[PDB]
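> Quick one: structure below, then a few questions.
Read-outs: derived from the displayed coordinates by stated rules, not from any lab. Here the Cβ is made from the backbone with ideal geometry for all residues, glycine too, and neighbour counts use every protein chain on show.
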Amino acid sequence: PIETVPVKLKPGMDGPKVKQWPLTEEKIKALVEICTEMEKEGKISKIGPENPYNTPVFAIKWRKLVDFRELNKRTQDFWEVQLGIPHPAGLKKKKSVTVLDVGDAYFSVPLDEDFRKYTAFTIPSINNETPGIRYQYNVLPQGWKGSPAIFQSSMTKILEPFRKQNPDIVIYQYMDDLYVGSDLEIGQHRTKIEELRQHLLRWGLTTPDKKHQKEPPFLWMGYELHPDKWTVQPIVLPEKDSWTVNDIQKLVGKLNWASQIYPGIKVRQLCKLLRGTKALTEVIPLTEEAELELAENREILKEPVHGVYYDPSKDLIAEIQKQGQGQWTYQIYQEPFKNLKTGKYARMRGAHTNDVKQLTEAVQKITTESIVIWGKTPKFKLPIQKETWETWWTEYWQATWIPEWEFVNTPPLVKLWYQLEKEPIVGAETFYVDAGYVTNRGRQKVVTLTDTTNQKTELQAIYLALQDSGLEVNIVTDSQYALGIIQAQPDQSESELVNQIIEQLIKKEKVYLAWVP
Amino acid sequence: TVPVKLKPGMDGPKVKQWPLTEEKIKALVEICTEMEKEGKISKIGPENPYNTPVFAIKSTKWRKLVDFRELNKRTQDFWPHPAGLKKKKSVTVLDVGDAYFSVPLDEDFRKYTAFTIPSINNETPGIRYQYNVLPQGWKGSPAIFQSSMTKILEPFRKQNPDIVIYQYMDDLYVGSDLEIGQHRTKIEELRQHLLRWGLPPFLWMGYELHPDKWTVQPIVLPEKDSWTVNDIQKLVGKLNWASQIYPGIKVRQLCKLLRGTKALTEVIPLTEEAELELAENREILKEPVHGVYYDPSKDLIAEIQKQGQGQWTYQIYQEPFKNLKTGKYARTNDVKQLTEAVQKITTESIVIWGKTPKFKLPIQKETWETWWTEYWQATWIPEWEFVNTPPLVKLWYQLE
Ligand SMILES: CCCc1c([S@](=O)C2CCCCC2)c2cc(Cl)ccc2[nH]c1=O
């Protein structure tokens with residue numbers, strides 16, 4: 001049998017001494033049936049008065065179900081399973097893939113002797129004056145905190161040898177599922193799949209027969225895995241006449257899932273229906289653009305599109321396009337426009353920003369993703385020119401770096417709509433702003449702002465200045481704030497004011513912004 | 001094994017492992033597989049919940065680098081720094097981490113040194129290990145091996161008392177004033193003398209630091225032929241700021257040349273009053289502010305500003321405006337330069353105060369977390385937080 005993992009209760013705490021709820025004599029008789037069997041098999045062992053501990057059992061034909069919450073609150077933490085699942089695009093193509101279900105795996109694995117006592121439960125005796133039978137697990141109790149970690153860990157040492165012996169086969173463990181894959185001629189694959197099952201047998205683990213097995217396509221967590229290709233499960237858009245805030249939020253939800261394989265799915269219009277909504281049941285009439293959006297998505301979705309597997313041998317290419325303002329669509333492929341995956345990116349970091357800046361982040365998101373999925377960073381193809389980047393690059397206070405990339409004259413091309421003069425412009429009128437301004441040529445304008453905030457009045461003055469000034473202007477402000485924002489050279493902002501300035505700025509011939517105490 | 005414990009009440013670290021590039025992972029597999037055969041480390045089971053992050057840095061050989069920062073913070077203190085070493089002409093840095101790989105680690109602290117070699121696309125559980133010997137990078141190692149170390153060196157120390165030898169973590173700093181040629185010959189004697197005892201590569205290209213030449217990059221004011229309204233406004237701006245440091249700085253006279261809303265480009269002739277005030281301001285600025293002393297009981301902070309063109313400005317202080325040191329660094333790409341800087345600045349802090357400072361980095365975390373280990377070469381890791389450099393603080397620290 002497999003060596004045992006030593007468990008312990010959390011520091012200080014003591015075993016589960018919880019009372020066994022009353023049990024219907026009809027349930028009591030069915031438990032004795034079940035337990036006796038488990039004992040006959042080695043999983044549990046009758047114990048005595050010695051052990052004070054106890055953990056509630058009840059019946060759910062008839063099946064056993066032990067409540068380990070308390071023990072689970074009292075059991076040490078374990079290096080948990082993984083939470084990080086593989087992503088189809090990361091998988092390599094395979095000829096055959098057999099998935100085996102390790103039936104009662106936790107049950108064919110030993111439990112640390114010194115811990116067995118803490119798993120102590122009790123089957124009440126039918127009649128009043130006579131006491132019932134008391135047990136404790138010899139194996140991994142299903143429902144216990146450390147069973148998955150200890151099962152998997154063990155399953156791994158068991159599989160390690162066989163693994164190092166059969167390098168042409170790869171194995172992925174996932175709960176009770178054992179997925180075996182290879183590029184062997186089906187025949188040898190089915191025989192291998194059968195030695196495996198015999199090596200696991202040489203260790204107590206029992207797998208199903210070739211007749212009860214499972215093969216592609218697999219329907220795993222919103223996906224459809226074929227041996228050579230993958231995709232997301234079939235997705236159908238309703239055709240309602242009446243959409244609720246709830247129906248819409250779920251649609252927007254499934255539409256995002258698709259983003260990973262279907263290029264160009266859009267949810268702007270839809271998401272906008274959720275504005276001001278007052279209840280999860282509130283009906284929202286579809287706007288003209290939302291229907292247009294829904295129709296497009298419906299089409300895109302009608303086409304079945306699959307993603308291919310990772311070819312460790314070929315390079316990764318990530319391509320990024322501006323799908324709109326704040327929106328970017330990318331696709332990672334090894335073979336010419338033959339996707340492994342694709343995706344979007346709306347993320348706006350900071351109230352203000354520019355496509356150059358925003359594109360650069362898209363690159364970082366995509367870079368981190370790749371490292372997680374394929375273990376390497378792709379060669380990027382971006383709609384931006386080296387000199388444009390290099391220009392916003394060295395002039396920005398923050399440090400930043402884009403991997404290896406090549407320009408791709410694929411409109412629209414990210415650009416800079418304006419750049420402040422590095423030196424005060426000669427001959428250009430000069431404005432001193434504060435809600436108003438005063439210029440070197442005697443001009444001035446005061447305006448009484450309503451509802452504004454301190455900082456918002458600052459941007460206003462400036463805006464007011466840009467407004468009345470000519471093509472070339474010089475502005476002096478004290479707002480370190482307005483200064484930073486504008487010095488960061490934004491082209492898009494959540495703020496409307498800032499947006500008007502950005503327009504003013506784009507229209508000017510030359511603008512010099514200066515700060516003073 | 002000297003029995004060690006975590007500070008009272010503190011549990012072991014449970015730090016997430018940042019994703020690694022398949023290359024780094026492979027390097028880590030080769031290395032850990034070998035340390036395993038050599039019994040320095042051992043695979044562990046699921047009953048160990050702790051984790052410390054690992055990295056592979058870069059000879060063609062790869063160096064494993066465990067980020068024991070969190071663990072060292074929860075690691076009991078143990079119960080000095082040669083102010084002279086900073087004065088020596090040349091300082092060489094030796095990596096003596098291997099001296100540890102031969103001292104068992106208290107059987108019970110082992111669980112705390114757990115680390116994980118990750119897997120690509122989560123296709124495998126990840127290889128889990130823990131140390132059996134003193135791990136490099138752990139705060140406890142230098143201490144526990146201190147004894148055995150002092151022995152090994154007492155000879156050389158006495159044989160070459162003209163030589164200052166400071167150890168810090170996995171690093172040894174050999175300092176002297178000898179000519180460059182004798183220094184390098186002298187170092188090599190130490191290498192074979194550290195070898196005589198047991199397993200020492202050079203650090204920093206086997207090249208030497210010349211702390212003797214390090215110096216405060218003071219604040220400077222624009223010295224120009226003609227002065228426009230803009231120059232002055234910027235001048236007053238920079239001056240007025242620095243006034244919160246040197247209060248003897250006066251702006252009254254320059255601020256008079258700026259009465260009335262004029263045109264930024266208009267050239268203003270400096271009145272003698274203003275002429276001499278600027279003069280006094282330049283002098284006061286000629287040197288670091290008096291009364292700034294290094295408190296050994298406060299955190300050492302280092303802020304770096306990107307000045308563009310491959311130039312960065314930094315300052316080391318414990319109390320705002322009270323800089324203990326300020327400098328510049330010049331070339332690559334933003335990230336590479338940024339990390340080179342961080343390591344330069346640490347090396348000094350150590351050499352000077354034998355303590356690493358806490359950095360405030362002008363970079364996006366995901367970015368830094370993604371490329372730092374591509375250019376990193378030290379065996380230690382400072383504490384670092386990510387910030388947003390104010391537009392004017394960079395303007396008040398640029399050039400000549
Ligand atoms: C076992 C190695 C992982 C692997 C699989 S696993 O079955 C797949 C692992 C994720 C969870 C469910 C199934 C795989 C499955 C299909 Cl259908 C096609 C290509 C594949 N290529 C691969 O590298």
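> Do the sum for the protein assembly as shown: with -39,500 (n - 2.57) for every DSSP H run of n ≥ 4, divided by all residues, what is the mean residue ellipticity at 222 nm, to the nearest 500 deg cm²/dmol?
After summing the helix terms and dividing by residue count, I get -9500 deg cm²/dmol.
> Apply 1/(1 + (r/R0)^6) to the Cβ-Cβ distance of A:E387 and B:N333, taking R0 = 22 Å, and write down the FRET efficiency to the nearest 0.05.
Computed FRET efficiency for A:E387 and B:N333: 0.90.
> Just want the ordering: B:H81, A:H352, from fewest to most Cβ atoms lying within 10 Å of their own Cβ.
Ranked by crowding around the Cβ, least crowded first: B:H81, A:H352.
> Taking a point 7 angstrom from the Cα of A:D478 along the C-beta vector, which residues in segment A:438-461 have backbone N less than 19 Å away?
The answer is A:438-440, A:444-449, A:453-461, whose backbone nitrogens lie closer than 19 Å to the label point.
> Separate question: Kirkwood Rh, Cα Rg: Rg to Rh for segment A:217-310? It would help to have the intermediate numbers written out before the result.
Numbers: Rg = 14.8 Å, Rh = 14.3 Å.
Rounded to two decimals, Rg/Rh equals 1.03.
> Let me ask another. Shielding by partners for A:80-93, please: the mean number of other protein chain Cβ atoms within 10 Å of each residue's Cβ.
Taking the mean over all residues of the peptide, I get 3.
> What is the distance, in nm, between label points placed 7 Å from the Cα along the Cα-to-Cβ direction at B:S148 and at A:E404?
4.4
> Tell me which GluC sites (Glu not before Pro) from segment A:464-502 have a DSSP coil assignment and no more than 12 other beta carbons within 10 Å of their own.
A:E494
> Sticking with this structure for a sec: Restricting to bridges with both residues inside the protein assembly as shown, how much of the DSSP beta-bridge set is antiparallel, in percent to the nearest 5?
Looking only at bridges with both residues in the protein assembly as shown, the antiparallel portion is about 75 percent.
> Mind computing the radius of gyration and Dmax over the alpha-carbon atoms of segment A:287-442? Å is fine for both.
Computed over the Cα atoms of segment A:287-442, radius of gyration and Dmax are 20.8, 71 Å.
> Right, next: Taking N as the number of residues in segment B:160-315, what is its alpha-carbon radius of gyration divided by 2.2 N^0.38 Å?
After normalising by residue count via 2.2 N^0.38 Å, the value is 1.63.
> Right, here's the next one. Quick one: what does P(r) look like for chain B with 20 Å bins over all Cα pairs, in whole %?
23, 49, 22, 6, 0
> Just checking the output field for B:255-266: average partner chain Cβ neighbours within 10 Å of each residue's Cβ?
For peptide B:255-266, the averaged partner shielding equals 5.
> Now for a separate question. Mind checking which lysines have their Cα closer than 27 Å to the Cα of A:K278? Skip sequence neighbours fewer than 8 apart in that chain.
Straight-line reach from A:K278, under 27 Å: A:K240, A:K250, A:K254, A:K266.
> Using 1/(1 + (r/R0)^6) with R0 = 35 angstrom and r between the beta carbons of A:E129 and A:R63, what's the FRET efficiency to the nearest 0.05? Spell out each step's value before the answer.
On the way: r = 29 Å, r/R0 = 0.84.
So, using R0 = 35 Å, E works out to roughly 0.75.
> Can I ask one more? Could you give the nm distance between label points at A:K214 and A:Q419, where each point is 7 Å from its Cα heading toward the beta carbon?
5.8
> If I stretch the segment between A:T24 and A:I2 completely, what's the gain in nm (0.36 nm per residue apart, minus their alpha carbon distance), one decimal?
Stretched fully, the A:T24-A:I2 segment lengthens by 4.1 nm.
> Sticking with this one: Which ordering of B:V393, A:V476 is given by a fewest-first count of other beta-carbon atoms within 10 Å?
Numbers: B:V393 14, A:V476 23.
With the sparsest Cβ surroundings first, the list reads B:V393, A:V476.
> How high is the FRET efficiency between A:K73 and B:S42 when r is their beta carbon distance and R₀ equals 41 Å, given to the nearest 0.05?
0.85
> Something else about it: Averaging sequence separations of C-alpha pairs under 8 Å and six or more residues apart, then dividing by the length of segment A:311-417, give the relative contact order as a whole percent.
27
> Of all DSSP beta bridges located in segment B:25-163, what percent are antiparallel, nearest 5?
Close to 90 percent.
> Right, here's the next one. 7 Å from Cα along Cα→Cβ at both A:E39 and B:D295: what's the point-to-point distance in nm?
7.0
> Residues in segment B:318-359 near a label at B:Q377, defined as backbone nitrogen under 11 Å from the 7 Å Cα→Cβ point?
Only B:340, B:344 fall inside the zone, counting backbone N under 11 Å.
> Related question: For a label point 7 Å from the Cα of A:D183 along Cα→C-beta, name the residues of segment A:79-105 whose backbone N is under 12 Å from it.
Residues passing the 12 Å test: A:92-96.
> With a cap of 13 neighbouring Cβ atoms within 10 Å, and only residues DSSP puts in a loop, list the GluC sites (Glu not before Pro) found in segment A:153-239.
Filter output for segment A:153-239: A:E185, A:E239.
> Right, here's the next one. If you keep only loop residues by DSSP, which trypsin sites (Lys or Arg not before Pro) in segment B:268-301 have at most 16 other Cβ atoms within 10 Å of their Cβ? Present the calculation step by step, with values, prior to reporting the outcome.
Details: sites: B:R282, B:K286, B:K298; in loops: B:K286, B:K298.
Filter output for segment B:268-301: B:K286, B:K298.
> May I ask you to sort A:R134, A:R275, B:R196, A:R443 by Cβ crowding, counting other Cβ atoms within 10 Å and putting the fewest first?
Working: A:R134 19, A:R275 7, B:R196 10, A:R443 13.
Listing A:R134, A:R275, B:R196, A:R443 from fewest to most nearby Cβ atoms yields A:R275, B:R196, A:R443, A:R134.
> Also, quick follow-up: Given chain A, what percent of its DSSP beta bridges are antiparallel, to the nearest 5?
75
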